[PDB]
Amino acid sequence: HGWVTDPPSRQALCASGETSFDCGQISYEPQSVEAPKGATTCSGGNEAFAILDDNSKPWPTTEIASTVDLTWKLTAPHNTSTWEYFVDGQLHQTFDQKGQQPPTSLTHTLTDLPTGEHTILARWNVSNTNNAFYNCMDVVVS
């Protein structure tokens, strides 16, 4: 259980009250976007949190550079295989945790992000269950 706090994920923005609209349940537990491995959607297909997939909402975007430090807050730092970062659905970078427990405050540097408006999906794969955690970050790269 955990989520991306900077640049803020969609669930982070819900939890911070930064969205103009009601996100529902997710605003009370941004750490909980858990779903089976292998998805490339913002909710991972977790039906409690389908709002996270809705691109029609006016999701706030964060202005970032092409290289950016991305920070997770983990409430339950499960043993981890990989952290996979996708840009608009395509795999961009992979960080190998080698089956180890990550720190509860974890920062990864993403580089070579394409300029303009994009959505980064961070997929956190748990090494000892079939679940991953799904975090979308709407960004404008310049």
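Residue indices: 1-based, along the sequence shown.
According to the deposited model, is the average Cα temperature factor higher in 49 to 57 or in 80 to 88? Mean C-alpha B-factor is greater for 49 to 57.
Relative to the other modelled residues of the same chain, rank the CA B-factor of residue 15 and answer lowest, middle or highest third. Answer is middle: the recorded C-alpha B-factor places it there.
Quick check for you: using the entry's CA B-factors within this chain, is residue 100 in the lowest, middle or highest third? It belongs to the highest third of the chain when residues are ordered by C-alpha B-factor.
Sort the modelled residues of this chain by their C-alpha B factor and say whether residue 42 lands in the lowest, middle or highest third. Tercile = lowest for this residue's CA B-factor.
Third of chain Cα B-factors occupied by residue 115: Answer is highest: the recorded C-alpha B-factor places it there.
Third of the chain's Cα B-factor distribution that residue 129 belongs to, per the entry: For residue 129, the deposited C-alpha B-factor lands in the middle third.
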